[PDB]
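Working notes for the structure below.
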Amino acid sequence: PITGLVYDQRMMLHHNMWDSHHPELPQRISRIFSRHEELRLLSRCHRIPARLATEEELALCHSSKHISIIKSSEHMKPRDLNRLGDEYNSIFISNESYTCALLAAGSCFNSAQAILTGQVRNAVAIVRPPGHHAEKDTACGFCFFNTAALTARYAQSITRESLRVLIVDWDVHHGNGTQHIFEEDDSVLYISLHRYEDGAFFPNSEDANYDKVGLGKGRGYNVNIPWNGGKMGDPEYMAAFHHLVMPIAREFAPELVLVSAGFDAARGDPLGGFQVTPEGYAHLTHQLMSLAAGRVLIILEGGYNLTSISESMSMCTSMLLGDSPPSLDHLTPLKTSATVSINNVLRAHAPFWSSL
Ligand SMILES: O=C(NNC(=O)C(F)F)c1cnc(NCc2ccccc2)nc1
Ligand SMILES: [K+]
Ligand SMILES: [K+]
Ligand SMILES: [Zn+2]
């Protein structure tokens with residue numbers, strides 16, 4: 001019963017040279033690492049090394065053009081870097097960005113390999129830049145390559161092509177990239193909870209609504225749980241897991257669970273406006289550990305309050321290590337709109353999931 005942990009300080013070299021206080025800070029990953037140290041969680045984990053993804057690995061989800069453009073930024077002067085970054089929605093680029101993104105992806109491949117070969121039971125990946133907004137052909141929302149989507153394909157590449165991978169994306173934003181990449185795929189079940197506001201929240205697309213259930217062979221294998229009109233917190237997320245995430249996941253019977261674990265739904269986050277607590281995140285993790293024979297990989301996505309994300313992700317790792325869930329606060333009655341969101345998803349997915 002071993003928990004893997006990957007962290008490599010080289011991943012802080014990706015930085016914003018015009019706005020050094022941009023919220024996607026290098027010290028996001030070092031602060032999470034430090035909090036694992038001072039909670040004495042780090043020494044309880046088995047350290048998994050980082051590595052670069054290869055270009056061939058990137059091609060599992062991304063076009064050759066996009067790979068070549070981000071790759072070319074390593075040798076760019078600042079004027080090129082600022083101009084290229086401005087070609088995307090919410091991207092900054094430095095000469096180190098490409099390498100950091102390769103390290104983020106490769107760190108997760110190694111963690112997935114360790115899980116799948118039984119060297120560890122589960123694992124946590126403290127990586128940046130994040131991934132779930134990255135599309136097949138473009139960068140977006142602080143993400144260059146879709147680390148979680150790539151890890152699901154990497155996992156299938158070292159097992160069998162049809163390995164059932166569940167991606168739970170509890171970052172406060174919709175994983176537009178992850179949805180698109182697997183939208184026609186029934187071997188990767190994508191479940192995202194996100195602040196939506198009828199499309200008035202980044203990434204600002206109706207693709208995130210509950211009626212997008214997947215396409216072609218993938219119909220039923222895309223589950224959007226969109227939040228509207230309400231500062232959601234632990235009661236709402238517990239309810240979504242009880243009514244939607246856990247029943248669908250158990251029916252799917254994944255062989256590997258990837259968490260796109262953004263922590264910007266956390267209490268205190270400057271962008272998300274939500275109030276999921278560190279103990280809420282522990283319970284969400286503890287619940288996901290009842291799937292896939294405990295084979296869970298927690299991948300850092302967003303989350304921008306350094307104290308909030310450090311405590312929040314440390315508590316997830318505590319659950320991975322087998323610690324008992326901390327007690328939740330008395331769960332207030334669900335915001336009315338949250339009940340409406342859950343009922344809309346239930347109606348959308350009852351046709352495909354008999355457990356609903
Ligand atoms: O937090 C986000 N996405 N969630 C993730 O996990 C990500 F890290 F992969 C996010 C992405 N883009 C934006 N654009 C707007 C804006 C840019 C700069 C500052 C403040 C706002 N916003 C929020
Ligand atoms: K999400
Ligand atoms: K899918
Ligand atoms: Zn986010």
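Residues in the structure tokens are named by chain (A, B, ... in the order shown) and by number from 1 within that chain; ligands are numbered from 1 in the order shown.
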
Give one line per residue of chain A that approaches ligand 3 to at most 10 Å, naming the two atoms of the closest pair and their distance in Å to one decimal, counting only C-alpha atoms and all ligand atoms; sort by chain then ascending residue number and deliver it as JSON lines.
{"residue": "A:165", "atom": "CA", "partner": "ligand 3", "partner_atom_place_in_ligand_line": "1 (K)", "distance": 9.5}
{"residue": "A:166", "atom": "CA", "partner": "ligand 3", "partner_atom_place_in_ligand_line": "1 (K)", "distance": 9.0}
{"residue": "A:167", "atom": "CA", "partner": "ligand 3", "partner_atom_place_in_ligand_line": "1 (K)", "distance": 9.1}
{"residue": "A:178", "atom": "CA", "partner": "ligand 3", "partner_atom_place_in_ligand_line": "1 (K)", "distance": 8.5}
{"residue": "A:179", "atom": "CA", "partner": "ligand 3", "partner_atom_place_in_ligand_line": "1 (K)", "distance": 6.7}
{"residue": "A:180", "atom": "CA", "partner": "ligand 3", "partner_atom_place_in_ligand_line": "1 (K)", "distance": 8.2}
{"residue": "A:181", "atom": "CA", "partner": "ligand 3", "partner_atom_place_in_ligand_line": "1 (K)", "distance": 7.9}
{"residue": "A:182", "atom": "CA", "partner": "ligand 3", "partner_atom_place_in_ligand_line": "1 (K)", "distance": 4.3}
{"residue": "A:183", "atom": "CA", "partner": "ligand 3", "partner_atom_place_in_ligand_line": "1 (K)", "distance": 4.5}
{"residue": "A:184", "atom": "CA", "partner": "ligand 3", "partner_atom_place_in_ligand_line": "1 (K)", "distance": 5.9}
{"residue": "A:185", "atom": "CA", "partner": "ligand 3", "partner_atom_place_in_ligand_line": "1 (K)", "distance": 4.5}
{"residue": "A:186", "atom": "CA", "partner": "ligand 3", "partner_atom_place_in_ligand_line": "1 (K)", "distance": 5.3}
{"residue": "A:187", "atom": "CA", "partner": "ligand 3", "partner_atom_place_in_ligand_line": "1 (K)", "distance": 6.9}
{"residue": "A:188", "atom": "CA", "partner": "ligand 3", "partner_atom_place_in_ligand_line": "1 (K)", "distance": 5.0}
{"residue": "A:189", "atom": "CA", "partner": "ligand 3", "partner_atom_place_in_ligand_line": "1 (K)", "distance": 4.6}
{"residue": "A:190", "atom": "CA", "partner": "ligand 3", "partner_atom_place_in_ligand_line": "1 (K)", "distance": 5.1}
{"residue": "A:191", "atom": "CA", "partner": "ligand 3", "partner_atom_place_in_ligand_line": "1 (K)", "distance": 8.5}
{"residue": "A:213", "atom": "CA", "partner": "ligand 3", "partner_atom_place_in_ligand_line": "1 (K)", "distance": 8.4}
{"residue": "A:214", "atom": "CA", "partner": "ligand 3", "partner_atom_place_in_ligand_line": "1 (K)", "distance": 6.1}
{"residue": "A:215", "atom": "CA", "partner": "ligand 3", "partner_atom_place_in_ligand_line": "1 (K)", "distance": 8.2}
{"residue": "A:216", "atom": "CA", "partner": "ligand 3", "partner_atom_place_in_ligand_line": "1 (K)", "distance": 9.9}
{"residue": "A:217", "atom": "CA", "partner": "ligand 3", "partner_atom_place_in_ligand_line": "1 (K)", "distance": 8.7}
{"residue": "A:218", "atom": "CA", "partner": "ligand 3", "partner_atom_place_in_ligand_line": "1 (K)", "distance": 5.2}
{"residue": "A:219", "atom": "CA", "partner": "ligand 3", "partner_atom_place_in_ligand_line": "1 (K)", "distance": 7.5}
{"residue": "A:220", "atom": "CA", "partner": "ligand 3", "partner_atom_place_in_ligand_line": "1 (K)", "distance": 7.6}
{"residue": "A:221", "atom": "CA", "partner": "ligand 3", "partner_atom_place_in_ligand_line": "1 (K)", "distance": 4.3}
{"residue": "A:222", "atom": "CA", "partner": "ligand 3", "partner_atom_place_in_ligand_line": "1 (K)", "distance": 4.8}
{"residue": "A:223", "atom": "CA", "partner": "ligand 3", "partner_atom_place_in_ligand_line": "1 (K)", "distance": 8.3}

Within 12 Å of ligand 4: each chain A residue with its shortest pair, only C-alpha atoms and all ligand atoms, as a tab-separated table:
residue	atom	partner	partner_atom_place_in_ligand_line	distance
A:23	CA	ligand 4	1 (Zn)	11.1
A:24	CA	ligand 4	1 (Zn)	10.2
A:90	CA	ligand 4	1 (Zn)	11.9
A:129	CA	ligand 4	1 (Zn)	11.9
A:130	CA	ligand 4	1 (Zn)	9.0
A:131	CA	ligand 4	1 (Zn)	9.9
A:132	CA	ligand 4	1 (Zn)	8.6
A:133	CA	ligand 4	1 (Zn)	8.6
A:140	CA	ligand 4	1 (Zn)	11.4
A:141	CA	ligand 4	1 (Zn)	8.3
A:142	CA	ligand 4	1 (Zn)	9.3
A:143	CA	ligand 4	1 (Zn)	10.3
A:169	CA	ligand 4	1 (Zn)	9.6
A:170	CA	ligand 4	1 (Zn)	8.7
A:171	CA	ligand 4	1 (Zn)	4.9
A:172	CA	ligand 4	1 (Zn)	4.9
A:173	CA	ligand 4	1 (Zn)	4.4
A:174	CA	ligand 4	1 (Zn)	7.5
A:175	CA	ligand 4	1 (Zn)	8.3
A:176	CA	ligand 4	1 (Zn)	10.9
A:192	CA	ligand 4	1 (Zn)	11.4
A:193	CA	ligand 4	1 (Zn)	10.8
A:194	CA	ligand 4	1 (Zn)	8.7
A:195	CA	ligand 4	1 (Zn)	9.4
A:196	CA	ligand 4	1 (Zn)	11.7
A:201	CA	ligand 4	1 (Zn)	10.5
A:202	CA	ligand 4	1 (Zn)	8.4
A:203	CA	ligand 4	1 (Zn)	9.2
A:260	CA	ligand 4	1 (Zn)	9.8
A:261	CA	ligand 4	1 (Zn)	9.2
A:262	CA	ligand 4	1 (Zn)	5.9
A:263	CA	ligand 4	1 (Zn)	7.3
A:264	CA	ligand 4	1 (Zn)	5.5
A:265	CA	ligand 4	1 (Zn)	7.7
A:266	CA	ligand 4	1 (Zn)	10.4
A:269	CA	ligand 4	1 (Zn)	10.0
A:270	CA	ligand 4	1 (Zn)	10.8
A:271	CA	ligand 4	1 (Zn)	8.1
A:272	CA	ligand 4	1 (Zn)	7.3
A:273	CA	ligand 4	1 (Zn)	11.0
A:274	CA	ligand 4	1 (Zn)	11.4
A:300	CA	ligand 4	1 (Zn)	10.2
A:301	CA	ligand 4	1 (Zn)	6.8
A:302	CA	ligand 4	1 (Zn)	4.4
A:303	CA	ligand 4	1 (Zn)	6.2
A:304	CA	ligand 4	1 (Zn)	8.7
A:305	CA	ligand 4	1 (Zn)	11.7
A:309	CA	ligand 4	1 (Zn)	11.8

Between A:330, A:243, A:21, A:46, smallest distance to residue 280 of chain A by only C-alpha atoms belongs to A:330

Which residue gives the smallest distance to residue 168 of chain A among A:67, A:298, A:112, A:208, with only C-alpha atoms counted?
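Closest candidate: A:298.
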
Top pick for closest residue to ligand 2, considering A:246, A:319, A:225, A:139 and counting only C-alpha atoms and all ligand atoms
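The answer is A:225, which sits nearest to ligand 2.
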
Hey, what's within 7 Å of residue 197 of chain A if we count only C-alpha atoms and toss same-chain stuff fewer than 3 positions away? As number ranges by chain, please?
A: 200-201, 227-229

Select from segment 69-212 of chain A everything DSSP, run on the backbone, classes as strand (DSSP E or B), then give the selection as a list in words.
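Across segment 69-212 of chain A, those assigned strand (DSSP E or B) are residues 89, 122, 123, 124, 125, 126, 140, 143, 165, 166, 167, 168, 169, 188, 189, 190, 191, 192, 193, 194 and 195 of chain A.
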
N, CA, C and O atoms of the current selection, written as a JSON list (two decimals), in the first residue's frame:
[["chain", "number", "residue", "atom", "x", "y", "z"],
["A", 89, "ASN", "N", -6.00, 32.15, -26.04],
["A", 89, "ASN", "CA", -6.84, 32.64, -24.95],
["A", 89, "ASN", "C", -6.13, 32.35, -23.63],
["A", 89, "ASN", "O", -6.05, 31.19, -23.21],
["A", 122, "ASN", "N", -1.39, 4.24, -5.49],
["A", 122, "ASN", "CA", -1.97, 5.47, -6.01],
["A", 122, "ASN", "C", -0.85, 6.51, -6.01],
["A", 122, "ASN", "O", 0.27, 6.23, -5.56],
["A", 123, "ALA", "N", -1.15, 7.72, -6.48],
["A", 123, "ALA", "CA", -0.09, 8.72, -6.60],
["A", 123, "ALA", "C", -0.66, 10.13, -6.73],
["A", 123, "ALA", "O", -1.83, 10.33, -7.10],
["A", 124, "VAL", "N", 0.19, 11.11, -6.44],
["A", 124, "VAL", "CA", -0.14, 12.52, -6.58],
["A", 124, "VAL", "C", 0.96, 13.18, -7.41],
["A", 124, "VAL", "O", 2.15, 12.88, -7.23],
["A", 125, "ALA", "N", 0.57, 14.07, -8.33],
["A", 125, "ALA", "CA", 1.51, 14.74, -9.24],
["A", 125, "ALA", "C", 1.38, 16.25, -9.04],
["A", 125, "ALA", "O", 0.35, 16.84, -9.39],
["A", 126, "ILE", "N", 2.42, 16.85, -8.48],
["A", 126, "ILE", "CA", 2.46, 18.28, -8.19],
["A", 126, "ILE", "C", 3.20, 18.93, -9.35],
["A", 126, "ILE", "O", 4.43, 19.11, -9.31],
["A", 140, "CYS", "N", -4.45, 27.08, -24.25],
["A", 140, "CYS", "CA", -5.60, 27.82, -23.74],
["A", 140, "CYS", "C", -5.60, 27.80, -22.22],
["A", 140, "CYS", "O", -5.28, 26.77, -21.61],
["A", 143, "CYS", "N", -2.73, 26.45, -20.06],
["A", 143, "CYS", "CA", -2.34, 25.08, -20.40],
["A", 143, "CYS", "C", -1.74, 24.99, -21.80],
["A", 143, "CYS", "O", -2.28, 25.54, -22.76],
["A", 165, "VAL", "N", -10.50, 4.28, -18.55],
["A", 165, "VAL", "CA", -9.95, 5.36, -17.74],
["A", 165, "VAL", "C", -11.07, 6.34, -17.40],
["A", 165, "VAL", "O", -11.76, 6.85, -18.29],
["A", 166, "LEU", "N", -11.24, 6.60, -16.11],
["A", 166, "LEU", "CA", -12.12, 7.67, -15.66],
["A", 166, "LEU", "C", -11.28, 8.91, -15.34],
["A", 166, "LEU", "O", -10.31, 8.82, -14.58],
["A", 167, "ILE", "N", -11.65, 10.04, -15.93],
["A", 167, "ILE", "CA", -11.09, 11.34, -15.59],
["A", 167, "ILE", "C", -12.17, 12.13, -14.86],
["A", 167, "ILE", "O", -13.20, 12.48, -15.46],
["A", 168, "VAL", "N", -11.94, 12.42, -13.58],
["A", 168, "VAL", "CA", -12.79, 13.31, -12.80],
["A", 168, "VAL", "C", -12.10, 14.65, -12.70],
["A", 168, "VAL", "O", -10.97, 14.75, -12.20],
["A", 169, "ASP", "N", -12.76, 15.69, -13.18],
["A", 169, "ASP", "CA", -12.17, 17.01, -13.30],
["A", 169, "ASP", "C", -12.92, 17.90, -12.31],
["A", 169, "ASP", "O", -14.02, 18.36, -12.61],
["A", 188, "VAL", "N", -12.66, 6.32, -22.36],
["A", 188, "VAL", "CA", -12.28, 7.34, -21.40],
["A", 188, "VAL", "C", -13.55, 8.09, -21.02],
["A", 188, "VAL", "O", -14.10, 8.86, -21.82],
["A", 189, "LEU", "N", -14.03, 7.84, -19.80],
["A", 189, "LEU", "CA", -15.22, 8.51, -19.30],
["A", 189, "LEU", "C", -14.79, 9.83, -18.68],
["A", 189, "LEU", "O", -13.95, 9.85, -17.76],
["A", 190, "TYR", "N", -15.31, 10.93, -19.21],
["A", 190, "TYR", "CA", -14.98, 12.26, -18.70],
["A", 190, "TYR", "C", -16.14, 12.80, -17.88],
["A", 190, "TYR", "O", -17.27, 12.89, -18.38],
["A", 191, "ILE", "N", -15.85, 13.15, -16.63],
["A", 191, "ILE", "CA", -16.82, 13.72, -15.69],
["A", 191, "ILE", "C", -16.20, 15.01, -15.15],
["A", 191, "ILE", "O", -15.16, 14.97, -14.49],
["A", 192, "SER", "N", -16.84, 16.14, -15.43],
["A", 192, "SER", "CA", -16.37, 17.44, -14.98],
["A", 192, "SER", "C", -17.46, 18.13, -14.17],
["A", 192, "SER", "O", -18.63, 18.15, -14.59],
["A", 193, "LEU", "N", -17.08, 18.65, -13.00],
["A", 193, "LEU", "CA", -17.90, 19.59, -12.23],
["A", 193, "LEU", "C", -17.32, 20.99, -12.44],
["A", 193, "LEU", "O", -16.10, 21.18, -12.39],
["A", 194, "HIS", "N", -18.19, 21.96, -12.68],
["A", 194, "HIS", "CA", -17.62, 23.27, -12.96],
["A", 194, "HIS", "C", -18.62, 24.40, -12.77],
["A", 194, "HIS", "O", -19.83, 24.23, -12.98],
["A", 195, "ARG", "N", -18.09, 25.54, -12.36],
["A", 195, "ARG", "CA", -18.86, 26.78, -12.40],
["A", 195, "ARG", "C", -19.10, 27.16, -13.85],
["A", 195, "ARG", "O", -18.16, 27.29, -14.63]]

DSSP says helix (DSSP H, G or I) for which residues of segment 156-319 of chain A? Put them as a ChimeraX atom specification?
/A:156-157,176-181,197-199,206-208,216-218,234-252,278-288,292-294,306-319

Shell around residue 295 of chain A at 8 Å using only C-alpha atoms, local window under 5 positions removed, as an mmCIF file with N, CA, C and O atoms, in the first residue's frame:
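Written out: selection-v4.cif:
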data_model
loop_
_atom_site.group_PDB
_atom_site.id
_atom_site.type_symbol
_atom_site.label_atom_id
_atom_site.label_comp_id
_atom_site.auth_asym_id
_atom_site.auth_seq_id
_atom_site.Cartn_x
_atom_site.Cartn_y
_atom_site.Cartn_z
ATOM 1 N N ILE A 115 1.654 3.133 -10.993
ATOM 2 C CA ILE A 115 0.370 2.584 -10.558
ATOM 3 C C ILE A 115 0.044 1.316 -11.328
ATOM 4 O O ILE A 115 -0.353 0.294 -10.749
ATOM 5 N N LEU A 116 0.177 1.373 -12.655
ATOM 6 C CA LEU A 116 -0.323 0.284 -13.481
ATOM 7 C C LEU A 116 0.545 -0.964 -13.353
ATOM 8 O O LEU A 116 0.025 -2.079 -13.443
ATOM 9 N N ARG A 121 0.313 2.039 -5.133
ATOM 10 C CA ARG A 121 -1.127 1.835 -5.172
ATOM 11 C C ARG A 121 -1.824 3.024 -5.824
ATOM 12 O O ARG A 121 -2.746 2.844 -6.628
ATOM 13 N N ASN A 122 -1.387 4.241 -5.493
ATOM 14 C CA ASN A 122 -1.965 5.473 -6.008
ATOM 15 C C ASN A 122 -0.846 6.511 -6.009
ATOM 16 O O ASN A 122 0.272 6.233 -5.563
ATOM 17 N N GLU A 255 -10.595 1.027 -14.792
ATOM 18 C CA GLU A 255 -9.381 0.337 -14.397
ATOM 19 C C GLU A 255 -8.292 1.300 -13.957
ATOM 20 O O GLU A 255 -7.270 0.865 -13.405
ATOM 21 N N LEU A 256 -8.497 2.591 -14.191
ATOM 22 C CA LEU A 256 -7.595 3.640 -13.753
ATOM 23 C C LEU A 256 -8.418 4.902 -13.560
ATOM 24 O O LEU A 256 -9.303 5.187 -14.373
ATOM 25 N N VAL A 257 -8.144 5.640 -12.481
ATOM 26 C CA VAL A 257 -8.816 6.912 -12.209
ATOM 27 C C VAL A 257 -7.785 8.038 -12.236
ATOM 28 O O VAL A 257 -6.794 8.006 -11.492
ATOM 29 N N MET A 289 -11.246 6.703 -4.175
ATOM 30 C CA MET A 289 -10.390 5.552 -3.909
ATOM 31 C C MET A 289 -11.148 4.228 -3.857
ATOM 32 O O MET A 289 -10.499 3.176 -3.809
#

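The nearest approach to residue 150 of chain A among the residues A:30, A:299, A:232, A:291, with only C-alpha atoms taken into account, belongs to A:299.
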
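All residues of protein, DNA or RNA that reach within 9 Å of residue 29 of chain A, judged by only C-alpha atoms and not counting those fewer than 2 positions away in the chain, are residues 7, 8, 9, 11, 12, 25, 26, 27, 31, 32, 33, 34, 126, 127, 128, 300, 306 and 310 of chain A.
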
Once you have the residues from the selection above, write them out as an mmCIF file, in the first residue's frame, restricted to N, CA, C and O atoms.
data_model
loop_
_atom_site.group_PDB
_atom_site.id
_atom_site.type_symbol
_atom_site.label_atom_id
_atom_site.label_comp_id
_atom_site.auth_asym_id
_atom_site.auth_seq_id
_atom_site.Cartn_x
_atom_site.Cartn_y
_atom_site.Cartn_z
ATOM 1 N N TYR A 7 7.327 15.439 -7.881
ATOM 2 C CA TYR A 7 7.496 16.880 -7.781
ATOM 3 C C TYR A 7 8.900 17.150 -8.282
ATOM 4 O O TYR A 7 9.838 16.450 -7.894
ATOM 5 N N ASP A 8 9.039 18.139 -9.153
ATOM 6 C CA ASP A 8 10.343 18.525 -9.671
ATOM 7 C C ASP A 8 10.374 20.042 -9.787
ATOM 8 O O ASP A 8 9.581 20.643 -10.519
ATOM 9 N N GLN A 9 11.307 20.659 -9.076
ATOM 10 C CA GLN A 9 11.357 22.110 -9.018
ATOM 11 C C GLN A 9 11.654 22.761 -10.370
ATOM 12 O O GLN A 9 11.391 23.957 -10.534
ATOM 13 N N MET A 11 9.965 22.653 -12.891
ATOM 14 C CA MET A 11 8.667 23.037 -13.415
ATOM 15 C C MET A 11 8.265 24.443 -12.982
ATOM 16 O O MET A 11 7.353 25.023 -13.577
ATOM 17 N N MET A 12 8.947 25.026 -11.985
ATOM 18 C CA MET A 12 8.709 26.445 -11.719
ATOM 19 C C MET A 12 9.369 27.391 -12.710
ATOM 20 O O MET A 12 9.085 28.591 -12.631
ATOM 21 N N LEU A 25 1.398 30.945 -10.709
ATOM 22 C CA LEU A 25 2.719 31.271 -10.185
ATOM 23 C C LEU A 25 3.621 30.037 -10.136
ATOM 24 O O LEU A 25 3.159 28.935 -9.814
ATOM 25 N N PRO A 26 4.918 30.207 -10.409
ATOM 26 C CA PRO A 26 5.879 29.125 -10.122
ATOM 27 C C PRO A 26 5.741 28.547 -8.725
ATOM 28 O O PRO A 26 5.838 27.324 -8.556
ATOM 29 N N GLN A 27 5.521 29.385 -7.711
ATOM 30 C CA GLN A 27 5.518 28.843 -6.363
ATOM 31 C C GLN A 27 4.225 28.104 -6.018
ATOM 32 O O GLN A 27 4.098 27.646 -4.882
ATOM 33 N N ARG A 31 4.921 25.504 -3.062
ATOM 34 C CA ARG A 31 4.174 25.647 -1.811
ATOM 35 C C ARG A 31 3.424 24.360 -1.461
ATOM 36 O O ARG A 31 3.355 23.970 -0.286
ATOM 37 N N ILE A 32 2.862 23.679 -2.461
ATOM 38 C CA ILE A 32 2.209 22.395 -2.193
ATOM 39 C C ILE A 32 3.231 21.385 -1.673
ATOM 40 O O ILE A 32 2.992 20.667 -0.688
ATOM 41 N N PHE A 33 4.394 21.327 -2.324
ATOM 42 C CA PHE A 33 5.459 20.439 -1.872
ATOM 43 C C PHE A 33 5.859 20.743 -0.432
ATOM 44 O O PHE A 33 5.988 19.831 0.399
ATOM 45 N N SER A 34 6.063 22.029 -0.118
ATOM 46 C CA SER A 34 6.466 22.402 1.238
ATOM 47 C C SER A 34 5.424 21.972 2.259
ATOM 48 O O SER A 34 5.759 21.445 3.332
ATOM 49 N N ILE A 126 2.418 16.848 -8.475
ATOM 50 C CA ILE A 126 2.456 18.281 -8.185
ATOM 51 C C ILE A 126 3.203 18.926 -9.347
ATOM 52 O O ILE A 126 4.426 19.108 -9.314
ATOM 53 N N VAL A 127 2.451 19.293 -10.380
ATOM 54 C CA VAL A 127 3.005 19.671 -11.668
ATOM 55 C C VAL A 127 2.408 21.000 -12.102
ATOM 56 O O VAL A 127 1.278 21.342 -11.747
ATOM 57 N N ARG A 128 3.185 21.743 -12.883
ATOM 58 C CA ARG A 128 2.699 22.874 -13.657
ATOM 59 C C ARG A 128 3.591 22.989 -14.881
ATOM 60 O O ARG A 128 4.711 22.456 -14.885
ATOM 61 N N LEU A 300 -2.342 17.867 -10.487
ATOM 62 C CA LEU A 300 -2.632 19.271 -10.195
ATOM 63 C C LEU A 300 -3.072 19.998 -11.454
ATOM 64 O O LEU A 300 -2.429 19.896 -12.502
ATOM 65 N N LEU A 306 -2.360 30.246 -2.711
ATOM 66 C CA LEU A 306 -1.257 29.354 -2.348
ATOM 67 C C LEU A 306 -1.546 28.571 -1.064
ATOM 68 O O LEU A 306 -1.327 27.356 -1.013
ATOM 69 N N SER A 310 -2.323 24.453 -1.053
ATOM 70 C CA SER A 310 -1.347 23.645 -0.325
ATOM 71 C C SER A 310 -2.046 22.751 0.687
ATOM 72 O O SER A 310 -1.824 21.533 0.712
#

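What separates atom CA of residue 209 of chain A from atom CA of residue 344 of chain A is a distance of 9.7 Å.
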
Mind giving me the straight-line distance from atom CA of residue 3 of chain A to atom CA of residue 45 of chain A in Å, one decimal?
5.1 Å

Give me the residues within 10 Å of residue 74 of chain A as a list in words, counting only C-alpha atoms and dropping any in the same chain fewer than 6 places off.
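These residues fall inside the cut-off: residues 81, 93, 94, 95, 96, 97, 98 and 99 of chain A.
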
Filtering to C-alpha atoms, could you give me those residues as a PDB file, in the first residue's frame?
ATOM      1  CA  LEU A  81       7.063  35.118 -27.048  1.00  0.00           C
ATOM      2  CA  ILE A  93       5.080  31.847 -22.602  1.00  0.00           C
ATOM      3  CA  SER A  94       8.709  31.973 -21.506  1.00  0.00           C
ATOM      4  CA  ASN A  95      11.693  30.171 -23.020  1.00  0.00           C
ATOM      5  CA  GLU A  96      11.269  27.411 -20.424  1.00  0.00           C
ATOM      6  CA  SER A  97       7.511  26.877 -20.915  1.00  0.00           C
ATOM      7  CA  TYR A  98       7.790  23.999 -23.403  1.00  0.00           C
ATOM      8  CA  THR A  99      10.203  21.987 -21.250  1.00  0.00           C
TER       9      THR A  99
END

Nearest to residue 205 of chain A, restricted to only C-alpha atoms and choosing among A:1, A:59, A:226, A:154, comes out as A:226
